[PDB]
Amino acid sequence: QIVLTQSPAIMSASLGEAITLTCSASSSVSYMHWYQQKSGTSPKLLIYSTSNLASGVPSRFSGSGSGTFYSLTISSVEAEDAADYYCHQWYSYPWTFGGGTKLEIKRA
Amino acid sequence: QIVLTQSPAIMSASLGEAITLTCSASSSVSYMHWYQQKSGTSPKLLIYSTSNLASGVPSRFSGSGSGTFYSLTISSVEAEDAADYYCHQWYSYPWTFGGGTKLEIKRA
Amino acid sequence: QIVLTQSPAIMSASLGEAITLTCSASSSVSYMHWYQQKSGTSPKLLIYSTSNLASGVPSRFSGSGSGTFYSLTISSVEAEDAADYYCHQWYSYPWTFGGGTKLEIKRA
Amino acid sequence: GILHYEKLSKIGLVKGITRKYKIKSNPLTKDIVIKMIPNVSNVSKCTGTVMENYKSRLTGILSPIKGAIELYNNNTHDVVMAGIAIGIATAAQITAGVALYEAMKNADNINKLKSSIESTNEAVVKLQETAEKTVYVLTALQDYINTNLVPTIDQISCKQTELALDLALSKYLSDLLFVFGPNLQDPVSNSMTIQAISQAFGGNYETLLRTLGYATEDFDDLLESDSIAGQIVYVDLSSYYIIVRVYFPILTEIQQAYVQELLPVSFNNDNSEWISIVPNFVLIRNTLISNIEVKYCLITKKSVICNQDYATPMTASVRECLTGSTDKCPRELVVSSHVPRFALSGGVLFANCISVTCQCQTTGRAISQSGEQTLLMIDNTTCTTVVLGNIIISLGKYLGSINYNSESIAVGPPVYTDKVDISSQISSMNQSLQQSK
Amino acid sequence: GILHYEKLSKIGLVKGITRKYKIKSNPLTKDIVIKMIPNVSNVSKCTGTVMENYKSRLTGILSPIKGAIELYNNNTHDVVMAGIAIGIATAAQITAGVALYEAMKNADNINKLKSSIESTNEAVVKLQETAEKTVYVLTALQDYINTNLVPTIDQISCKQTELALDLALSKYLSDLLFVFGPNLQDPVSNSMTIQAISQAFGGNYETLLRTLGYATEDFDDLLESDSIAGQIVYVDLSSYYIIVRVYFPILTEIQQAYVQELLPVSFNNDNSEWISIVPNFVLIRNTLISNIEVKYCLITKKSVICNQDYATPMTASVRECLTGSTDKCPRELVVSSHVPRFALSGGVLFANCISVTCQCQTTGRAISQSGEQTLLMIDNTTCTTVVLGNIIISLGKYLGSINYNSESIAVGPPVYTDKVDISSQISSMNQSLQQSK
Amino acid sequence: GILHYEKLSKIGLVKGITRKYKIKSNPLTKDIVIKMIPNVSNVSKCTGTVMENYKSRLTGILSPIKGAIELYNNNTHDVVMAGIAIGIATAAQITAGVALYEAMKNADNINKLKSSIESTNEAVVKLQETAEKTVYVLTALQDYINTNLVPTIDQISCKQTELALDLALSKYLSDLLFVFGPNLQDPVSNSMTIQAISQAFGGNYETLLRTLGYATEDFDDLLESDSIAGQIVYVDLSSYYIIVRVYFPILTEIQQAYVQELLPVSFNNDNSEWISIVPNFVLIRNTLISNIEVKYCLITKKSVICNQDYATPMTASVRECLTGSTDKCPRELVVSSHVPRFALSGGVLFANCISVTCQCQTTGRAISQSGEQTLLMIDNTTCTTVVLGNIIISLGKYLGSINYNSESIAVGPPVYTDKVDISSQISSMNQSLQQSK
Amino acid sequence: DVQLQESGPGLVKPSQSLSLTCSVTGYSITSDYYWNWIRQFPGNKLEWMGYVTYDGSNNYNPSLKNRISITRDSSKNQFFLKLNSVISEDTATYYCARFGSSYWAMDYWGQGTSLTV
Amino acid sequence: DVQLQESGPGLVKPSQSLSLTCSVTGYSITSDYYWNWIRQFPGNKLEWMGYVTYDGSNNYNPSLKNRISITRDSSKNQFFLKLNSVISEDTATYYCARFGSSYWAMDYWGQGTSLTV
Amino acid sequence: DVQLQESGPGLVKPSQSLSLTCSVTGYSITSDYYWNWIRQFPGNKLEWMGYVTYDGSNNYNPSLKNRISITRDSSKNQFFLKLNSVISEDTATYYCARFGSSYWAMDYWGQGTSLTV
Ligand SMILES: *[C@@H]1O[C@H](CO)[C@@H](O[C@@H]2O[C@H](CO)[C@@H](O)[C@H](O)[C@H]2NC(C)=O)[C@H](O)[C@H]1NC(C)=O
Ligand SMILES: *[C@@H]1O[C@H](CO)[C@@H](O[C@@H]2O[C@H](CO)[C@@H](O)[C@H](O)[C@H]2NC(C)=O)[C@H](O)[C@H]1NC(C)=O
């Protein structure tokens, strides 16, 4: 399969700052999708086809990339962004997800 | 058939002034031809393929149009322009003529 | 065949001056090659495919032309240029050479 | 009527669209000049050696065309053609040769504009052939130069302009050669399509034909039926232009003639699925049934438009098949999962309900086809609205026999059409024949 | 296994690559808008009469497409199709008609962006169909205008801009007509390839498909197997745009199925060279052997990818040939100097060493084929490294009979495949038949 | 001579042009580099993500080509090919594999210019492979960028430049895929035409070949006979360039060989019009008569130029037909109004004066053909100048029998050539055969 | 330089067959062009009736398609308008004209034969 | 507006066959889309298992290809995940999801059935 | 790095057959290139005579086509110019040369064998 990796597994950011969440592929894909999983809920599509925002997704999110390297950028990080963000490809079978990265929110 | 209409049926112009003679088609054609019929003589080609002047035609005449709307423009109208001007299409069968418009020359 | 002519048969130039050696074809060719034959030695390729310099050829040489008229230009003519220069075409069979022109070097 | 449509539908040949038959004829002609070489005056300081090399390459391309044209022009005198000097020709070459001769009467006037053709600096210009006639000059790559190179002279280096021109000219020739290269052994022809000559003007045939002032109701059908053609009547190897005569014919409706399409539908016979092998386009003229090579014609929903008569012979057995002798109709075994299993004609559905699932929308009942039946006819005397797979069709009434589904027919012999199978069948029959003989 | 490969290799049919069989299926759809007319606002002062003439010509092209589409849209109601009103249709036309109806549910939302489509001034723009859906508008020649005409407005005369626009539009239509002209009698179709619809956008299908966000491992094979198709579902003759539904299927691996290629090699028989006439692509499904029309499929090194099932019937004699009855395998005489005289399979060399020079690299000895032998098998139990002409091949071992070269076979009948030869053979057999009968 | 031309003309086979036979051979090779990706340094500020997406898409296209090439490069060692590792190959693949190995000796020098290839910023540049050798780099879309995008950087917005570049790159790939996509399962080939490789450079093969310095008397015939070919010998997926070896062969005149064209003319028999079904191109070598597949060859007025030997077998009956046994020559019924009804050969007119109106210009008398005659021969011993329709032909003298028109011949059997008719005839003969047997 | 000159009866009765002749000088009726008939009614409304081409093919106005035949006589260089039967409404001035590719229009017109029914 | 709701046993024994049902409301399971199964392991690692299309075709994750069957019941508008036999490692939260052309991504997800083995 | 070295009799009689040998070192006569013969007359006028290719094919100057044969001996890496019969005019210096794609010209020339007839 195509293995997606997202290192570091855990990231943190302060309120109001930008953080970039990253993903690398073992083999090139044309597009990458991103999912957000909040505790107690199913993964929900965040970014699709690399750069587009899904239905209910805040303007804080954006993304880019190509080939084997992609990123999910969260500008102006807020409390609602405390979630596991997954890197997903559908280019080749089986469809795969990365291990996911958890974004922690820093608080005094 | 394609019906060609030319309203008003009768137009008038003073010597030295411009007058525009018009034609509308019930269905689009690519080109329109114009004929001039003076009393006692057969219709004679004036304008062909919408904008071109026929063999003996004075520089006073010109034309344009497309689709369903065409016009014959007579600049600097003179006494020799007292004729029935006909709108003609050959795009579809039967070939057709409009009813023709008569240009009158105003005199004191 | 395609007849190549190079007139005048004998040309002369002073040391340090430019001289143009010429060739005309009885029928068009796309490229012309030039050969230099020094006394006691076989003809050696000088210019190929009209304008290019062969392996050991000095920067003094250049060329151009098209169709039925070609030229070999020797800039800054020196003593080593005292040779028979041949015009050669390979466009059509038989492959042919011109009669060759001898370049003489003027001396006091 | 003439085809026994009821028996034909029973073997999967459902009456399709009846089209009328047309052939191009009686063409009027115009001459247009195509300048094969652009005017580089406004970029001349940066052309280098490019135009010189271009002209040489182009002469090599045009020269054999000019030669073949001259062969006929030097043999026709006044209009008698020197059959001895020509030696070998087909009727088509001879006819085109006559048209060529006639064309020269006008080419000679156009040629007096030689210097006015050389000077043209726009993609399309209007020159006077005679006081009463205009001739247009279409110039290759002139727009490219006028809008892409001229405005850039002081923006890009002079050398870059030279390279840009060289590439534009080279691409032009690369495309040009397919048509005007060695493939054109017969420039003395009036069957060469205009879309093929427009290549001399970048493939832009719409501009060429609009410039000539032609636009007719049947114009697009004439174009895609390959009826609008041109002939190269004159080649100038010094100014690099050709004079092309463009033929604009009209479509003649062939009287008492039509092309009947049949819609092939698989059918059941001896517990297997079969498709019938008959012409799916039958040309009928008067009461004669023949084959038509529609692969060379434009097929519209209303007519089959050909640039010549493409009628061909039909065997007695195929004609007998088409007129009701279904025992004479060949069938090929269906092994594929993608064949028509039904067709709609006259609002009546013809379907192989052994290979598809036929369900009645009105009752929820299945429509059952017995082993002895080839196709079922489903119309609204049995089921008003029918479901075939996920398609729901509201049906009309069949105007043929009410007992259609109750009457069986003879079914013809199995055949194989694979090109390999044909060779195999011939040798197998030959060995059986030798045993018999 | 199922094909008797050992006897087949003895008549020049060397086992080639075994490929797996795939057919496109289960497509997901998206709608895209193609604007058939550029936005000339930024060049409007110099457009003259060009856009007016363009729109008229374009309407003539699009109008019959819109008409055919409306025919089905006015007959399908809610999903029941009026079979009476349609009258005549194939199953394919009916199925496409259903897809058309469903497509209109979305075309109706896209159409509410009519003014937002008219205003687009970039080659590709993103409009909102619904809050949750985007539709892209691809505009013909918009880039041409934006980068080639707009920057030149004050560099070239105003009249030259008009001419440049007119030519760009005319070339577009000349190319457009091949697909969207009279040839398209059936716009109500979901089998029309995307590369053919992209012509509405200059032939740029990569931009179209990227815009839609599609990219898959099998994407390039779907493109060249003609599996990615589109349907024109809506035509707007006032704003000059079309809505195209693009089908993106997935490739289904056909289970227990493969296509076996045979590599034809000439062989010796009765002091002459022969090539066998069998299918060189045999489709095997389960234990059934059939023919496949691979000329309509994409052949990769791993699979044969078809946009439908192209299996066809095979005669009993050909199947018997393929399963070991070599007396049933037809042969054609070789008179040409350019035929395969050898092939490599399994590391084993199969060669006609009467027509080629087979020399052993290891010993310098010639490899001699007797008159009674068709082919020799050369493997490393006889010669480890062999020279055929100037080609040196290191060989493996044959896993079939060690006595391969020692055992002769029956050889089938001679055939001729020239199209003329087929007609000649039929009439000749017919005269022999009449003498017998 | 070898063909019985007098009897053949009597059945509508009028001797046509005798052409000499040529086959491409002994090619010399050159390597050229095609850069598959443009240099965007001078537009780099406005490229955005375009080149990144381009490179990814392009790698997907080039990667399987590189893989197939490496398969052979990793199996050939020194020149011995690992038949075991290759496993399955045709003679053509093996031969191309040897050429590939040899090509790498030079590809290795070209590859040392990797950084000099990456830096090229012009459509065509000259790099030194060795002190004595030059290699040219042809760069896709480099001219487009240099003349259309670079000069516009401060005229159009930065975003518009990005879009213009993206579209230029996407159109390039859309065209590129037809050849360099999945269809190319065999890049290890030396039969792929240069016009197909030039697609990597926009289809501009004239620039490619001029850059290489090739121009010969036979150059245009080599191009349209598909004799100039190339092989991809190296693929670089990091710098995005390919090394192409271009083969430049010479045409070998085949001695004692020619192709004789016959001009088909309809003729009268039993009150109906017939056309003969024989090869209209007969290949003669020494004294052997065979068929030629000229559909794969370039036909000029002087020669038939093939890229291989396309001779095929002929049946005994067809050969007997061609040598005088006219009772063996098949005929098809003419039902069409557009067939040759006459032909000119040797200055002598052969015509069916029942289907055309033959009138003598010199006397005003009609030329009458009796029912028993197939064709009339009209020459100047009967009528010096003849009128056929509106065509006036001055005739020469026939050098065959003076009694040509006075001697009847046997006429062969009727046949039908429609593909459906062939299947019908086979099954009909088979049923007659079963009755007999 | 073509002079088209039409002639025929200036009076025919209802239910008679009308035959008008257009004599052409300056060009052969068989070598080129389309040879047209047009008629002008008392209200000056022009109607195209049809033509015969250089090869003899016909094209007629559908409204009178079943009453009209346009033929040629090459030996006199003439073409003819025949109406199988005339009706009172057919009173008109009948003109012959040449149509060709130069203008794609009828350029040379005759003087017109004034016919009473 | 699709609500995907999955249900099934929250506990099965090793070597038993597992059957999960995904009930779909708001859209027909047979008219469009691909109907997917995904599972999330205790370590929160997501794995795609496969799908059944609108026509009934299947596509599965190779790692479990021989234990998985995804079927449909059109009359209930449901689709099912069947595992021929379960292993302790198969403890996971099983989600059903809709895949379509709008995003080329699985957008609507169910809540997930937490299964113990 | 090819050294073309030609040799043969410096004197033959009229009506004798001439045979010149061109020995090539540095490259195989069979693997590539075209192997040419050229002769230079006493007036220094150069004439191309013909070649044998790498595969053995010939191409000759038409003026002497019926007297010339150019052959190869692969085992010695040599090629030969044979003239069936010589005439007094055939007195010339005979050179062998290599033609190839690098220049599309004959680049490496031998020294030349001076032949008297
Ligand atoms: C079966 O179909 C026929 C048409 O094929 C129906 O008859 C037509 O009904 C329409 C009313 O919608 C009339 O306008 C037509 O004039 C009728 N006749 C024809 C020949 O078209 C018939 O009524 C249908 N019967 C049933 C039971 O559905
Ligand atoms: C019939 O045609 C032959 C040619 O096929 C004529 O004979 C040739 O006449 C020309 C004079 O124009 C000579 O130059 C040729 O040498 C003649 N012979 C050949 C074989 O070409 C013959 O004169 C013609 N006869 C009539 C009555 O027209």
# chains A, B, ... in the order shown; residues from 1 in each chain; ligands from 1
$ residues_around --residues "residue F:426" --least-positions-apart "6" --cutoff "8 Å" --atoms "only C-alpha atoms" --output "list in words"
residues 425 and 426 of chain D; 426 of chain E
$ select_by_dssp --residues "chain H" --states "helix (DSSP H, G or I)" --output "number ranges by chain"
H: 62-64, 74-76, 88-90
$ interface_residues --of "chain H" --to "chain A" --cutoff "9 Å" --atoms "only C-alpha atoms" --output "ChimeraX atom specification"
/H:43-50,59-63,95,103-112
$ residues_near_ligand --ligand "ligand 1" --cutoff "12 Å" --atoms "only C-alpha atoms and all ligand atoms" --output "list in words"
residues 345, 346, 347, 348, 349, 362, 378, 379, 380, 381, 382, 383, 384, 385, 386, 394, 395, 396, 397, 398, 399 and 400 of chain D; 82, 83, 84, 85, 86 and 87 of chain E
$ write_last_selection --atoms "N, CA, C and O atoms" --output "compact mmCIF listing (two decimals), in the first residue's frame"
# COMPACT_ATOMS: atom_id res chain seq x y z
N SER D 345 -39.17 0.53 -30.88
CA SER D 345 -39.54 0.98 -32.22
C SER D 345 -41.05 1.12 -32.37
O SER D 345 -41.80 0.17 -32.18
N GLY D 346 -41.49 2.33 -32.70
CA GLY D 346 -42.92 2.59 -32.86
C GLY D 346 -43.60 2.68 -31.50
O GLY D 346 -44.82 2.62 -31.40
N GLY D 347 -42.79 2.80 -30.46
CA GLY D 347 -43.27 2.82 -29.09
C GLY D 347 -43.40 1.41 -28.54
O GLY D 347 -43.80 1.22 -27.39
N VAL D 348 -43.07 0.42 -29.37
CA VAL D 348 -43.16 -0.98 -28.99
C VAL D 348 -41.80 -1.52 -28.61
O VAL D 348 -40.79 -1.21 -29.25
N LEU D 349 -41.75 -2.27 -27.52
CA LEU D 349 -40.49 -2.78 -27.04
C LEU D 349 -40.22 -4.21 -27.49
O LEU D 349 -41.03 -5.11 -27.30
N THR D 362 -47.07 -1.83 -13.99
CA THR D 362 -48.48 -1.72 -13.67
C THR D 362 -48.97 -2.83 -12.74
O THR D 362 -49.86 -2.61 -11.92
N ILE D 378 -43.30 -6.50 -26.35
CA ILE D 378 -44.02 -5.97 -25.23
C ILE D 378 -44.65 -4.67 -25.68
O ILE D 378 -43.96 -3.72 -26.05
N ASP D 379 -45.96 -4.61 -25.63
CA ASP D 379 -46.64 -3.38 -25.96
C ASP D 379 -47.74 -3.22 -24.92
O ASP D 379 -47.86 -4.08 -24.02
N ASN D 380 -48.55 -2.17 -25.03
CA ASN D 380 -49.52 -1.83 -23.99
C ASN D 380 -50.82 -2.65 -24.04
O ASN D 380 -51.73 -2.40 -23.25
N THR D 381 -50.89 -3.68 -24.92
CA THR D 381 -52.05 -4.58 -24.96
C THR D 381 -51.81 -5.71 -23.96
O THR D 381 -52.71 -6.49 -23.64
N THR D 382 -50.57 -5.76 -23.45
CA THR D 382 -50.13 -6.73 -22.45
C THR D 382 -49.68 -6.03 -21.15
O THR D 382 -50.07 -6.43 -20.06
N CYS D 383 -48.83 -4.98 -21.29
CA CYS D 383 -48.27 -4.20 -20.18
C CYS D 383 -48.06 -2.74 -20.62
O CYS D 383 -47.21 -2.47 -21.47
N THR D 384 -48.83 -1.81 -20.03
CA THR D 384 -48.80 -0.38 -20.40
C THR D 384 -47.49 0.31 -20.06
O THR D 384 -47.00 1.13 -20.83
N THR D 385 -46.91 -0.02 -18.91
CA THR D 385 -45.62 0.54 -18.53
C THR D 385 -44.72 -0.60 -18.06
O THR D 385 -45.07 -1.35 -17.15
N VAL D 386 -43.55 -0.72 -18.67
CA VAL D 386 -42.68 -1.86 -18.40
C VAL D 386 -41.33 -1.45 -17.84
O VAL D 386 -40.79 -0.40 -18.17
N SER D 394 -42.90 3.76 -20.89
CA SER D 394 -44.33 3.77 -21.18
C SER D 394 -44.49 3.38 -22.64
O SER D 394 -43.87 3.98 -23.52
N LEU D 395 -45.24 2.32 -22.90
CA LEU D 395 -45.32 1.73 -24.23
C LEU D 395 -46.54 2.13 -25.03
O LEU D 395 -47.59 2.48 -24.49
N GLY D 396 -46.40 2.04 -26.36
CA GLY D 396 -47.49 2.24 -27.30
C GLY D 396 -48.05 0.88 -27.74
O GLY D 396 -47.83 -0.12 -27.07
N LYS D 397 -48.76 0.87 -28.87
CA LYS D 397 -49.38 -0.35 -29.40
C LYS D 397 -48.73 -0.81 -30.70
O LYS D 397 -48.41 0.01 -31.56
N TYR D 398 -48.57 -2.12 -30.85
CA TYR D 398 -48.02 -2.68 -32.07
C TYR D 398 -49.06 -2.73 -33.18
O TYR D 398 -50.16 -3.25 -32.99
N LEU D 399 -48.68 -2.23 -34.35
CA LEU D 399 -49.59 -2.14 -35.49
C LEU D 399 -49.51 -3.35 -36.43
O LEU D 399 -50.11 -3.36 -37.50
N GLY D 400 -48.74 -4.36 -36.03
CA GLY D 400 -48.61 -5.58 -36.80
C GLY D 400 -49.54 -6.64 -36.21
O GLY D 400 -50.60 -6.30 -35.67
N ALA E 82 -41.43 8.25 -22.02
CA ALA E 82 -42.53 8.11 -22.96
C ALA E 82 -42.09 7.38 -24.22
O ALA E 82 -41.71 8.00 -25.21
N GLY E 83 -42.18 6.06 -24.19
CA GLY E 83 -41.75 5.24 -25.32
C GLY E 83 -42.47 5.63 -26.60
O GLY E 83 -41.89 5.56 -27.69
N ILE E 84 -43.73 6.07 -26.49
CA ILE E 84 -44.50 6.47 -27.66
C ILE E 84 -43.91 7.72 -28.31
O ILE E 84 -43.77 7.78 -29.53
N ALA E 85 -43.60 8.72 -27.48
CA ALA E 85 -43.05 9.98 -27.95
C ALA E 85 -41.64 9.82 -28.52
O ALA E 85 -41.27 10.51 -29.47
N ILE E 86 -40.86 8.92 -27.93
CA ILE E 86 -39.51 8.66 -28.40
C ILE E 86 -39.59 7.91 -29.72
O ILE E 86 -38.88 8.23 -30.68
N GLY E 87 -40.44 6.89 -29.77
CA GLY E 87 -40.71 6.13 -30.98
C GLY E 87 -39.64 5.09 -31.27
O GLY E 87 -39.90 3.89 -31.19
$ residues_around --residues "residue F:430" --least-positions-apart "2" --cutoff "12 Å" --atoms "only C-alpha atoms" --output "list in words"
residues 413, 414, 415, 425, 426, 427, 428, 429, 430, 431, 432 and 433 of chain D; 426, 429, 430 and 433 of chain E; 423, 424, 425, 426, 427, 428, 432, 433, 434, 435, 436 and 437 of chain F
$ atom_distance --atom1 "atom CA of residue D:242" --atom2 "atom CA of residue D:74"
18.2 Å
$ select_by_dssp --residues "chain H" --states "strand (DSSP E or B)" --output "ChimeraX atom specification"
/H:3-7,11,18-25,34-40,46-53,58-60,68-73,78-83,92-100,105-109,113-116
$ write_last_selection --atoms "C-alpha atoms" --output "JSON list (two decimals), in the first residue's frame"
[["chain", "number", "residue", "atom", "x", "y", "z"],
["H", 3, "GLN", "CA", -27.50, 9.92, 8.14],
["H", 4, "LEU", "CA", -25.42, 6.79, 8.27],
["H", 5, "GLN", "CA", -26.22, 4.70, 11.29],
["H", 6, "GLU", "CA", -24.31, 1.56, 12.05],
["H", 7, "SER", "CA", -25.29, -1.15, 14.51],
["H", 11, "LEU", "CA", -19.27, -8.28, 21.72],
["H", 18, "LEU", "CA", -19.30, -10.68, 12.75],
["H", 19, "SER", "CA", -22.07, -8.83, 10.98],
["H", 20, "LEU", "CA", -22.46, -5.06, 11.16],
["H", 21, "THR", "CA", -25.34, -3.20, 9.58],
["H", 22, "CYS", "CA", -25.21, 0.38, 8.21],
["H", 23, "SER", "CA", -28.72, 1.86, 7.82],
["H", 24, "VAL", "CA", -28.87, 4.77, 5.49],
["H", 25, "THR", "CA", -31.56, 7.36, 5.48],
["H", 34, "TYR", "CA", -19.68, 4.00, -2.87],
["H", 35, "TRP", "CA", -20.57, 2.63, 0.56],
["H", 36, "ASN", "CA", -17.47, 2.21, 2.73],
["H", 37, "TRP", "CA", -16.36, 0.57, 5.91],
["H", 38, "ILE", "CA", -13.50, 1.95, 8.03],
["H", 39, "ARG", "CA", -12.33, 0.85, 11.45],
["H", 40, "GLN", "CA", -10.43, 2.61, 14.17],
["H", 46, "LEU", "CA", -7.65, 4.32, 11.01],
["H", 47, "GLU", "CA", -7.95, 1.52, 8.49],
["H", 48, "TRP", "CA", -10.08, 1.48, 5.36],
["H", 49, "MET", "CA", -11.71, -1.94, 4.93],
["H", 50, "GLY", "CA", -13.56, -1.71, 1.64],
["H", 51, "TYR", "CA", -16.79, -0.74, -0.07],
["H", 52, "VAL", "CA", -19.76, -1.89, -2.06],
["H", 53, "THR", "CA", -20.80, 0.33, -4.94],
["H", 58, "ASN", "CA", -16.86, -4.76, -4.24],
["H", 59, "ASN", "CA", -13.41, -3.39, -3.47],
["H", 60, "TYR", "CA", -11.60, -4.51, -0.31],
["H", 68, "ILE", "CA", -14.39, -9.74, 4.23],
["H", 69, "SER", "CA", -17.66, -9.46, 2.38],
["H", 70, "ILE", "CA", -19.61, -6.23, 1.95],
["H", 71, "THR", "CA", -23.21, -6.74, 0.87],
["H", 72, "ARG", "CA", -26.46, -4.83, 0.43],
["H", 73, "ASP", "CA", -30.15, -5.19, 1.20],
["H", 78, "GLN", "CA", -28.90, -1.10, 4.29],
["H", 79, "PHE", "CA", -25.41, -2.40, 3.63],
["H", 80, "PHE", "CA", -23.46, -4.85, 5.72],
["H", 81, "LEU", "CA", -19.95, -5.67, 6.81],
["H", 82, "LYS", "CA", -19.38, -9.34, 7.27],
["H", 83, "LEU", "CA", -16.21, -10.87, 8.63],
["H", 92, "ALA", "CA", -12.13, -1.60, 16.93],
["H", 93, "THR", "CA", -14.76, 1.05, 16.35],
["H", 94, "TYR", "CA", -16.38, 0.30, 13.03],
["H", 95, "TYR", "CA", -17.63, 3.19, 10.97],
["H", 96, "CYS", "CA", -19.60, 3.21, 7.75],
["H", 97, "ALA", "CA", -19.10, 6.18, 5.35],
["H", 98, "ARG", "CA", -20.26, 7.57, 2.04],
["H", 99, "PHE", "CA", -17.74, 8.21, -0.73],
["H", 100, "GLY", "CA", -18.62, 10.29, -3.73],
["H", 105, "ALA", "CA", -13.48, 11.60, -0.08],
["H", 106, "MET", "CA", -15.57, 9.91, 2.55],
["H", 107, "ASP", "CA", -17.67, 12.80, 3.87],
["H", 108, "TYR", "CA", -20.61, 11.44, 5.82],
["H", 109, "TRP", "CA", -19.53, 9.08, 8.57],
["H", 113, "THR", "CA", -20.06, 0.65, 16.50],
["H", 114, "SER", "CA", -17.58, -0.27, 19.19],
["H", 115, "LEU", "CA", -16.85, -3.96, 18.87],
["H", 116, "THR", "CA", -15.12, -6.17, 21.42]]
$ residues_around --residues "residue E:33" --least-positions-apart "6" --cutoff "9 Å" --atoms "only C-alpha atoms" --output "list in words"
residues 110, 117, 135, 136, 137, 138, 139, 241, 242, 243, 244 and 245 of chain E
$ interface_residues --of "chain E" --to "chain A" --cutoff "7 Å" --atoms "only C-alpha atoms" --output "MDAnalysis selection string"
chainID E and resid 132 213 215:217
$ atom_distance --atom1 "atom CA of residue D:284" --atom2 "atom CA of residue F:268"
23.7 Å
$ interface_residues --of "chain D" --to "chain F" --cutoff "6 Å" --atoms "only C-alpha atoms" --output "list in words"
residues 80, 81, 82, 83, 84, 87, 88, 89, 90, 91, 155, 170, 171, 174, 185, 309, 311, 312, 313 and 436 of chain D
$ residues_around --residues "residue D:8" --least-positions-apart "3" --cutoff "12 Å" --atoms "only C-alpha atoms" --output "PyMOL selection string"
chain D and resi 2-5+11-16+262-265+267+275-280+318-329+350+374-375+404+409-412
$ atom_distance --atom1 "atom CA of residue D:65" --atom2 "atom CA of residue F:218"
16.1 Å
$ closest_residue --among "B:79, B:10, B:57, B:4" --to "residue B:25" --atoms "only C-alpha atoms"
B:4
$ interface_residues --of "chain H" --to "chain D" --cutoff "12 Å" --atoms "only C-alpha atoms" --output "PyMOL selection string"
chain H and resi 30-31+55
$ residues_around --residues "residue B:105" --least-positions-apart "2" --cutoff "9 Å" --atoms "only C-alpha atoms" --output "ChimeraX atom specification"
/B:11-15,77-79,81-82,103,107
$ write_last_selection --atoms "C-alpha atoms" --output "CSV table (one decimal), in the first residue's frame"
chain,number,residue,atom,x,y,z
B,11,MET,CA,-39.2,55.5,-45.8
B,12,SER,CA,-38.1,59.0,-46.8
B,13,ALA,CA,-34.9,61.0,-46.7
B,14,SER,CA,-33.7,64.5,-47.6
B,15,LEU,CA,-31.0,65.0,-50.2
B,77,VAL,CA,-28.8,60.1,-50.2
B,78,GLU,CA,-29.4,61.4,-53.7
B,79,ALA,CA,-32.1,61.5,-56.3
B,81,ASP,CA,-31.7,56.4,-54.7
B,82,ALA,CA,-35.5,56.6,-55.3
B,103,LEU,CA,-37.2,55.2,-50.3
B,107,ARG,CA,-38.4,67.8,-52.1
